C-alpha cells in the first residue's frame, strides 16, 4: 500500500439535514468519503462543529486514543450554549412592519408591498451582520 506517509480516507456521518452545506460541495444528509490526504481532511472536517469526522485505517489496530474529553477544558465564554433563540423576526407579523417602518423613518409606497416590508426588518445595521 503506502509507507513513510500518513494518508487516509475519512468519512463524515451526519444526521442533520440535506441543506447544512459545507466548504462548498452541497454536502447532503449522509456519509461522504474523503480522499487519502496527510491530515488536512481531519482538521478540515473537525474544524466545523456541526458534522463528524472519523478516520478509518484498514490495516492498523494500534493506538486507540485514551482521550475521551475534549469539548470541556478552561471555560471562558459560552452563555447557555444549547439551542438557537430564533426569536426576532417571528414577533414581526404584518401590521407591525408597516407601522414600524413608517415610525422608523422608511416610507413605502411603491415597494415594500407586504412580503418585502415583512422581510426588510432585519438586524444588520452596520456593515454585514449575520443574526
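Numbering (the authors' numbering), first residue to last: 1 to 131. Beta carbons are placed, not taken as given, at the ideal position from N, Cα and C, and that holds for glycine.
Less than 7 Å between C-beta atoms, sequence neighbours within five positions excluded: which residues of the same chain meet that for residue i?
{"i": "residue 6", "result": "38, 39"}
{"i": "residue 98", "result": "117"}
{"i": "residue 21", "result": "27"}
Mapping DSSP to helix, strand and coil, what is residue i?
{"i": "residue 40", "result": "helix"}
{"i": "residue 77", "result": "coil"}
{"i": "residue 16", "result": "coil"}
{"i": "residue 96", "result": "helix"}
{"i": "residue 55", "result": "strand"}
If we count the other Cβ atoms within 10 Å of its Cβ and call it buried at 16 or more, is residue i buried or exposed?
{"i": "residue 27", "result": "buried"}
{"i": "residue 89", "result": "exposed"}
{"i": "residue 94", "result": "exposed"}
{"i": "residue 8", "result": "buried"}
{"i": "residue 41", "result": "buried"}
Please list, in chain order, all residues of the same chain as residue i whose beta carbon is under 8 Å from its beta carbon, the five residues on each side excluded.
{"i": "residue 100", "result": "92, 121"}
{"i": "residue 87", "result": "none"}
{"i": "residue 30", "result": "13, 14"}
{"i": "residue 35", "result": "9, 41"}
Between which residues of its own chain and residue i is the CB-CB distance below 6 Å, once the five residues before and five after are set aside?
{"i": "residue 51", "result": "12, 14"}
{"i": "residue 32", "result": "12"}
Since residue i and residue j should fall inside the 8 Å C-beta cutoff, what is the C-beta to C-beta distance between them, to a whole number of angstroms?
{"i": "residue 123", "j": "residue 131", "result": "4 Å"}
{"i": "residue 59", "j": "residue 19", "result": "At roughly 36 Å, the Cβ-Cβ gap does not stay under 8 Å, so residue 59 and residue 19 are not in contact."}
(message) Check whether the region 57–66 and the region 75–83 are in contact - that is, three or more C-beta pairs closer than 8 Å.
(response) The region 57–66, when compared against the region 75–83, does not touch it at the 8 Å Cβ threshold.
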